[PDB]
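A.B. asks: Sequence and experimental coordinates follow.
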Amino acid sequence: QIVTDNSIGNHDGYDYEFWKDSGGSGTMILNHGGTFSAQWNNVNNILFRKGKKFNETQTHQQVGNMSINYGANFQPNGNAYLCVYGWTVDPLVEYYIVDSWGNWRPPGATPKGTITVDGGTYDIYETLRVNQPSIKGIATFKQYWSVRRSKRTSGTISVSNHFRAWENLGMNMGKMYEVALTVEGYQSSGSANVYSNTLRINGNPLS
Ligand SMILES: *[C@H]1OC[C@@H](O[C@@H]2OC[C@@H](O)[C@H](O)[C@H]2O)[C@H](O)[C@H]1F
């Protein structure tokens, strides 16, 4: 259940993934259901997550309503994000719904709009990754973001509301590849205890 290097699998019904580039270290402990704990030290980039991976055949509307109820003890020492994260394919898009961060509020771009949902206000952004790692190899792809205006580390994220806002703004989405509660670190160290993480699709928890 101890993951300290790149790994993808399923643990207690949740698709887990540990992903890092070279340098530093990370430790992910897979706990019950969608839960896990994470610790990182002097990394370049590291991501820890537990959610659902899909077979790339359905739009988010076809999957249905996606909602995540979570709670995490988030203790970054520097740059890190606590978020819902995933990808679409055709087009290849990496996305983030950021509820908390460390010393820097991402993603450093001019907002494209705002969404009010789940008792918060999020700024919406679109950024570009050029020849970077991806679920489909070294690629150039967009990153879509919703970033909360104030931090929080527990609550419910109505994922599908964010997708509709993005599509409303012309941020095109492809077929679902993944949706997951994620901890990301960048050129930093820290820890996070994800003690609560339930993904519901059409009101039904993952299993
Ligand atoms: C957003 O997250 C980190 C990185 O995405 C990883 O790409 C490699 C793939 O194997 C992992 O599953 C992804 O998390 C991407 O470059 C960045 F934009």
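C.D. replies: Nice, I can see it. Numbering: from 1, shown residues only.
A.B. asks: Which residues does stretch 154-165 contact?
C.D. replies: Where contact means Cβ atoms under 8 Å, 6 or more residues apart in numbering, the residues beyond stretch 154-165 that reach it are 60, 64-72, 84, 97, 99, 113, 115, 117-119, 122, 124, 146, 173, 179, 196. Heads up, the C-betas are built off the backbone N, CA and C, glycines and all.
A.B. asks: Of the residues you listed, select the buried ones using a ChimeraX command.
C.D. replies: Buried residues within these, as defined by 16 or more other Cβ atoms under 10 Å, are selected in ChimeraX through the command that follows:
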select :60,66,67,68,69,70,71,72,84,97,99,113,115,117,118,122,124,146,173,179,196
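A.B. asks: Inside strands: which ones of the contacts of stretch 154-165?
C.D. replies: Filtering the contacts of stretch 154-165 for membership in strands, criterion DSSP state E, returns 66-72, 84, 97, 99, 113, 115, 117, 122, 124, 146, 179, 196.
A.B. asks: Run the chain-centre distance for the helix of greatest length in the chain.
C.D. replies: Ranked by residue count under DSSP state H, the longest helix found in the chain is helix 159-168. For helix 159-168, the distance from its own C-alpha centre to the chain's C-alpha centre is 15 Å (Cα atoms, centre = their mean, to the nearest Å).
A.B. asks: And for stretch 105-121?
C.D. replies: What separates the centre of stretch 105-121 from the centre of its chain is 15 Å, taken as Cα atoms, centre = their mean.
A.B. asks: quick one: the longest helix of the chain to strand 113-117, angle?
C.D. replies: 160 degrees (axes from the mean of the first three to the mean of the last three Cα atoms, to 10 degrees).
A.B. asks: buried residues in helix 159-168?
C.D. replies: Across helix 159-168, burial judged by 16+ other Cβ under 10 Å covers 159-163, 165-166.
A.B. asks: Write out the residues of this structure neighbouring the ligand.
C.D. replies: Taking Cβ under 6 Å from any ligand atom as the measure of proximity, the chain contacts the ligand at 17, 19, 45, 47, 94, 129, 132-135, 143.
A.B. asks: Go again with 8 Å.
C.D. replies: Counting by Cβ under 8 Å from any ligand atom, the chain comes close to the ligand at 6, 8, 17, 19, 45, 47, 49, 85, 87, 94, 129, 132-135, 141, 143, 184.
A.B. asks: Go through those and flag which are in strands.
C.D. replies: Using DSSP E, the members of those that fall in strands are 8, 17, 19, 45, 47, 49, 85, 87, 94, 129, 132, 141, 143, 184.
A.B. asks: filter those residues to the buried ones?
C.D. replies: Under a neighbour-count criterion of 16+ other Cβ under 10 Å, the subset of those counted as buried comprises 17, 19, 45, 47, 49, 85, 87, 94, 141, 143, 184.
A.B. asks: Check the gap between residue 88 and residue 206 for me.
C.D. replies: Note on residue 88: its distance to residue 206, by Cβ to Cβ, to the nearest Å, is 19 Å.
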